[PDB]
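**Student:** Below: one structure in structure tokens.
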Amino acid sequence: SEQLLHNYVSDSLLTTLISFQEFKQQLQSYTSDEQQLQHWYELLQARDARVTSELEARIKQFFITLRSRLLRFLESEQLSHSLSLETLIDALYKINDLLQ
Amino acid sequence: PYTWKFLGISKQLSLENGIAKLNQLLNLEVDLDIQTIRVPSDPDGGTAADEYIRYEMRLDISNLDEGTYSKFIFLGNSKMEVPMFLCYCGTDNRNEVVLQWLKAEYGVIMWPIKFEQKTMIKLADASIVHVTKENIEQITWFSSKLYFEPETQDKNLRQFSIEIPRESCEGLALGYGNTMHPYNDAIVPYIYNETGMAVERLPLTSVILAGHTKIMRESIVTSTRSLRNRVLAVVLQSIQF
Amino acid sequence: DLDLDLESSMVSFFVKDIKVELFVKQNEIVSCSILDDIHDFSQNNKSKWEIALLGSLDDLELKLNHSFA
Amino acid sequence: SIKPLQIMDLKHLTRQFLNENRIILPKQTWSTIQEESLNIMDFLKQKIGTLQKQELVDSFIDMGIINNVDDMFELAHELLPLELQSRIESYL
Amino acid sequence: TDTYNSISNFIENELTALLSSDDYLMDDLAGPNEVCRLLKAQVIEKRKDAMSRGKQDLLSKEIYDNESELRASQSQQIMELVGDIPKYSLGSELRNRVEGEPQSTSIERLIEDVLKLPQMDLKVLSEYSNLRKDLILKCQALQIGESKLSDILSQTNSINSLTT
Amino acid sequence: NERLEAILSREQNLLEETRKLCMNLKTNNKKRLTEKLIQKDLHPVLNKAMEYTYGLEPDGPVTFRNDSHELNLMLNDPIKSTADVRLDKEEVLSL
Amino acid sequence: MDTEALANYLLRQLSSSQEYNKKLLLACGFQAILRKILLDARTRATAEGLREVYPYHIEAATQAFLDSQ
Amino acid sequence: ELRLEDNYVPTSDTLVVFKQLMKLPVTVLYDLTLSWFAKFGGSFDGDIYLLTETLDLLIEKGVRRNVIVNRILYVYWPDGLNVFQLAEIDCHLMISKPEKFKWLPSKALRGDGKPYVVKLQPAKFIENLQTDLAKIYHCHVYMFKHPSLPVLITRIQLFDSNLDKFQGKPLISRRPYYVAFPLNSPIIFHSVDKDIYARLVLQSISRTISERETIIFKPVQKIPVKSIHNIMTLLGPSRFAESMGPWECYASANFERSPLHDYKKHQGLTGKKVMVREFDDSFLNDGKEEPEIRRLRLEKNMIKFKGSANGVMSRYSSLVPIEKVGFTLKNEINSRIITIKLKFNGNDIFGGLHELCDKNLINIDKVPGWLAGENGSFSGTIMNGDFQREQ
DNA sequence: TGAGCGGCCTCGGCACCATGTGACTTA
DNA sequence: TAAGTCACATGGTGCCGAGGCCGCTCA
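As structure tokens, this is what we get:
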């Protein structure tokens, strides 16, 4: 389930979509220095790994919160269609008083 | 679904002469057929003066439907008060030209034919007895349906029908005995005995034989391409004075 | 003022203002319902009255005239 | 709403054409052609926005309907009353 | 509940708009200008037919299908696991007594319902069985007392007839 | 749509349970007829009730339903109990 | 509902005598489109053998017509 | 939450409501306006007594109903009529014009097969029905008692879901389904509808009536009959049920009085005037017959078709007009089953047959019981002389 | 003179049996 | 080749809700 979200996130990352070869091929206009391009690509990898981890953290939190809230809804529905034994005991006590 | 309109004729007109004038007027050759039928072959229906003259005029052009197949059937007997009637099917506009020519050539008085209740019962009797090439008469049983449209105050009873299945009709006929008029002798008395209805008095608009024909008060429509001799004869005794 | 159905089984009437409605079988009351609620009127006394009102019809008339006073 | 046509408008428009040439339209086909009238009008307005003399007959030649102005005022003959087709003939 | 709007809104808020804004801001602050514009140009170029609303709608529909399969699973688990006596296995007067009385207090229906009362922590179950057995004894005593009272009423009828 | 799916699942579960209960009741009644009262332990005065009840199917419960209105009859009705909980005379006398 | 009513429809869609003639010719062209489309619909229905036409028939016919236009 | 309360406003066409209130008279409009403003209120500003005085000024002004219809649809409630209003106007149309509605009867069978005499606690029944139908559709139900008949007529209205259609936020209504509950009768009258929503409403009604043992509704007739009074006369809990046609004298009891009555006025002492009926076949053989014996044969036909000499009171109109009946008479003539299917059509079958009997077209001495109006509005098969109805 | 209800009635959509003909088999 | 069985596709009777004009109709 979360694999779809992970694939959607990873398929739209700059490092996964653009390689370092394409990075250097595109950025020949401003600087031809390979060291500065490598440093900028390292910064790109650091920042997109950081935001990838942060997106993973928020989607995990979203999934757990959604599952917990909808599971409480399911539990409330099941309790609505079920009967607790203590209320049955109280009703039987009232009926016992009536028969008494 | 070939509706036959019926018209009586005041004179015994002979069609084997003068039809070339009609051919010249219509610019086409008609296929006139001459037959001498003897319809009441049963001993109880008469044994003398039973011969009729049957003319089958046909505006033959092509055979696809009644738009080119408006037949004309004439029946005649010289030993009657009224000697001739015609019946024609189809809806071609040349049919009224043929009627106008017949009037203006033979000087005949022609009026439409209306059937009474007992006439309709006798016609339903006539339309099941079939003549065979071996010179025998066969009663083909059809699931009839008497259909009434009474006129009552405030339109209380608009219409009512009496459906009679085929096997019940033949059971009634065999219960009555060996007869050759099943509806008038077995079916109608059984209806009168059971439901109290005298259908010869009630307003009867049509009796429907399923798959064969459904005759009405002013027209007879038949699935079969022609009209059998018994129906023509009963129509001929119907218009007598 | 009271309302009777066709077989006089499902009825409703007011004793003073209390809407007492009854389901009664053959010459014997099998069900009762006190509907009208007064601020002085309670619910346990209501249930006790509903249980007491069950029984025969002549007994209902006698006990209703008894509790009316 | 205001721009789409109605079903009874299409009955009154093409009822005689479906009667002379035997066409049977169920209600689903009627709703479908009511939907299609909007698409046809949008396509006609996209092809021809403004109206002057030569461009309409050139477009109708490009439409594949006609081949000349003779086809124009013969098609107008079978779709207009006598005064209107005479007026169109005076216009062409 | 409304799970599908929450999923779609979470996608379109925290997944694509946040990604675009964060990518633009990080590429602007990486240094510079022309570098950022060009790199944004090709990353927009290769993400064609992938960030479109049809793709997010299909992703939301597929994750909804997965979640609905999980809902079917946990629904079977939560329906197959019952804790106490369920509904429709007990009388209508009992059910009405459970969730607020309908003012129709009938002795006969109560007797008929608690005569059909089902039987099974341990102390609650033992208390329920003891209460059910006590109510069965109440019903038995009620029928015996009614028949006895009818007999005594017939006897008193005959006695008063003789006395009068 | 999900709510109606849950409703249909509950109704189908109830239908399967009811059909299973009906088939179980039919087989249980057949087995109880076959294994309990048709054996040699049947009291001989019930041999005639069995004859019209299962042997060939009159003079039985129809006769009593005629007589209970002909005579305005009652009998000593059974004390209604469940799950083999027999009546406790000491308990009801103390009650 | 005459062709002049359809011309009124077209003018109220776009909102002297020469423009009225232009719109009347446009209405004639619209009727020509509808007649050709319905003729193609009957042609395909008769090709499949059905007596009447259906939405998929006329949708395929109009897609084939707009493919050439 | 899916149940529909009595304050929601649906999207209804203003012209349909406009032509709907045209049929109501002015006094029911007056009563409806005061009841509506006392219960729910309106966009018009004023006291309840002030609005009563305003409607009073309207009714001694003698104004036409069109003006007050425009008022209550344009200033009192301009946004739209509430569901309670839309149900109550249509129920008032049902009360005003009962002949415009057709009903279908259905017996309330239960358990073993004995019919269940249905009894309703109306407020609890409405609450339970609305909660039951709320699980499936957006349902509003309204219930009222007939001013004349002893029935309880409900009205169940179901609401559905909803080129670019712009925006409506609507809840489109369907045609309402009416189920009429007589007070103590297993027979249940419901409106003529065979779609899935009518089946849903009848199913939910059967599930919510019962509450003790499962109840199924089995339809006892498939030909609808108009005029709810007539279907209570036919299938309702009255004496005229199972005594119709020649046996309406027993249902009306006009021929015997109490045994505590004067015995000088007994039927056996004063006697009755009759005619010798000829058992020989003489009807088919036969003018200006005597006007006293003509009155006697007219009385004979009147007795045969309506049960009473003077009838239950032009004069051919029966107690209940019947639209369609079909009888399938079967006999055994020498080990052959002979079936005759008689179908009828009209506004009053047995009145028309009575008129045909008066015109000497049908023998009144041979017209059977089922043709005479016995077990009326029931179509069935006559085998061995016994009429069993169809299903 | 003017609004107005009620029988009429036809449109047409649906429901069902009825029906004629080609394809195919039997003798 | 005459007769039979078959599904098939169209013919047709009956039914009914919607709605319109009519038909007086009455103030």
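Residue numbers (the authors' numbering), protein chains in the order written: chain Z, 3 to 102; chain L, 2 to 242; chain O, 296 to 364; chain T, 269 to 360; chain Y, 2 to 32, 35 to 123, 136 to 179; chain Q, 255 to 311, 319 to 356; chain W, 1 to 15, 36 to 89; chain N, 4 to 165, 186 to 309, 315 to 341, 374 to 451. No residue lacks a Cβ here, since even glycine has one placed at the ideal position from N, Cα and C.
List, in order along the chain, the chain Y residues whose C-beta lies closer than 8 Å to that of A93/Z?
**Tutor:** Neighbours of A93/Z on chain Y, chain order: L97, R100 and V101.
**Student:** Comparing the C-beta of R74/Z with each C-beta of chain Y, is any distance below 8 Å?
**Tutor:** So no, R74/Z is outside the interface.
**Student:** Under 8 Å, CB to CB, which of the residues in the stretch 387-408 of chain N have a partner in chain L?
**Tutor:** Residues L389, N391, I393, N394, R396, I397, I398, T399, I400, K401, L402, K403, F404, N405, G406, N407 and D408.
**Student:** Strictly below 7 Å CB to CB, what residues from chain Q border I151/Y?
**Tutor:** In chain order: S342, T343 and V346.
**Student:** Give the range of the beta strand (DSSP E) segment to which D446/N is assigned.
**Tutor:** Segment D446 to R449, the beta strand (DSSP E) holding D446/N.
**Student:** State the beta-bridge partners of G350/O as determined by DSSP.
**Tutor:** The partner list for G350/O (beta bridge, DSSP) reads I324/O.
**Student:** With distances taken Cα to Cα, identify the nearest neighbour of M331/T among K315/T, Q322/T, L319/T and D338/T.
**Tutor:** For the residues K315/T, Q322/T, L319/T and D338/T, the minimum Cα distance to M331/T belongs to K315/T.
**Student:** Less than 8 Å between the beta carbons of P150/N and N253/N, yes or no?
**Tutor:** It is not a contact, given that the beta carbons lie outside the stated cut-off.
**Student:** Report yes if the CB atom of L87/Z is closer than 8 Å to the CB atom of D87/Y, and no otherwise.
**Tutor:** Yes, these two residues count as a Cβ contact at 8 Å.
**Student:** Based on the DSSP output, what are the partners of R113/N in its beta bridges?
**Tutor:** For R113/N, which the question treats as bridged, DSSP gives the partners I238/N.
**Student:** Helix or strand or just coil, what does DSSP make of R59/L?
**Tutor:** Strand at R59/L.
**Student:** Using a Cβ-Cβ distance under 8 Å, would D277/T count as near chain W?
**Tutor:** Chain W contact via Cβ: present.
**Student:** In chain Y, which residues lie with their C-beta within 7 Å of the C-beta of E352/Q?
**Tutor:** Those are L152, listed as they occur along chain Y.
**Student:** Looking at chain Y, which residues of the stretch 218-240 of chain N have a Cβ within less than 8 Å of any of its Cβ atoms?
**Tutor:** Result list: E234 and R235.
**Student:** Check whether chain N comes within 8 Å of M198/L, counting only Cβ atoms and requiring the distance to be less than that.
**Tutor:** With 8 Å as the cut-off, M198/L counts as an interface residue toward chain N.
**Student:** Of the choices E318/N, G406/N, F306/N and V385/N, whose alpha-carbon is the least far from that of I422/N?
**Tutor:** Selected option, being the one with the closest Cα: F306/N.
**Student:** To the nearest angstrom, report how far apart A125/L and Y184/L are at their CA atoms.
**Tutor:** Spanning the two alpha carbons is a distance of roughly 7 Å.
**Student:** Taking the alpha-carbon positions, what's the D52/Y to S305/T distance?
**Tutor:** If you take the alpha carbons of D52/Y and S305/T, they lie about 33 Å apart.
**Student:** Over the uninterrupted beta strand (DSSP E) stretch that includes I159/N, give me the two end residues.
**Tutor:** Taken as a continuous stretch (DSSP letters only), the beta strand (DSSP E) holding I159/N covers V154 to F162.
**Student:** From the beta carbon of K26/Z, is the nearest beta carbon of chain Y less than 8 Å away?
**Tutor:** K26/Z does not count as touching chain Y.
**Student:** Give me the Cα-Cα distance between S208/N and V232/L, rounded to the nearest whole angstrom.
**Tutor:** Near 58 Å, if we compare the C-alpha coordinates of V232/L and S208/N.
**Student:** Under the assumption that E57/L contacts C90/L (Cβ atoms under 8 Å), give the Cβ distance between them as a whole number of angstroms.
**Tutor:** So it is not a contact: roughly 11 Å between Cβ atoms.
**Student:** Could you tell me which uninterrupted alpha helix (DSSP H) segments, each at least 4 residues in length, are contained entirely in the stretch 78-102 of chain Z, listed from first to last along the chain?
**Tutor:** Correct list: 87-101.
**Student:** Under 8 Å between beta-carbons, which chain N residues line up against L203/L? List them in chain order, please.
**Tutor:** Under the 8 Å cutoff, chain N gives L416, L421 and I422.
**Student:** If the cut is a Cβ gap below 9 Å, which residues of chain N does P105/Y touch?
**Tutor:** Result: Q124 and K127.
**Student:** Tell whether a beta-carbon distance below 8 Å holds between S14/Z and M54/Y.
**Tutor:** Yes, the Cβ-Cβ distance between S14/Z and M54/Y is below 8 Å.
**Student:** Roughly how many angstroms separate the alpha carbons of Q47/Z and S12/Z, rounded to a whole number?
**Tutor:** Whole-angstrom Cα-Cα distance: 12 Å.
**Student:** With a 10 Å radius around its C-beta and 16 neighbouring C-beta atoms as the bar for buried, classify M25/N as buried or exposed.
**Tutor:** Looking at its Cβ environment, which holds fewer than 16 other Cβ atoms inside 10 Å, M25/N is exposed.
**Student:** Please state whether DSSP places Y3/L in a helix, a strand or coil.
**Tutor:** In this structure, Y3/L counts as strand in the three-state DSSP scheme.
**Student:** Let's test the definition: count the other Cβ atoms within 10 Å of the Cβ of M85/L and tell me whether it reaches 16, buried, or not, exposed.
**Tutor:** Burial call: buried.
**Student:** Between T399/N and the ligand GDP, is there a pair consisting of the residue's CB and a ligand heavy atom that are separated by less than 7 Å?
**Tutor:** The model on display carries no ligand, and the ligand GDP is accordingly not part of it.
**Student:** Residue range of the beta strand (DSSP E) that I209/L falls in?
**Tutor:** Taken as a continuous stretch (DSSP letters only), the beta strand (DSSP E) holding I209/L covers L205 to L210.
**Student:** On the three-state DSSP scale, how would you describe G268/N?
**Tutor:** Helix.
**Student:** Taking C-beta pairs closer than 9 Å, name the residues in chain Y that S326/O reaches, listed in chain order.
**Tutor:** What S326/O touches in chain Y: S107, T108, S109, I110, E111 and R112.
**Student:** Three-state secondary structure (DSSP) at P89/Y?
**Tutor:** Of the three classes helix, strand and coil, the one that applies to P89/Y here is coil, per DSSP.
**Student:** Could you work out which residues of chain W lie near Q296/T, taking near to mean beta carbons separated by less than 8 Å?
**Tutor:** The contacting residues are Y74 and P75.
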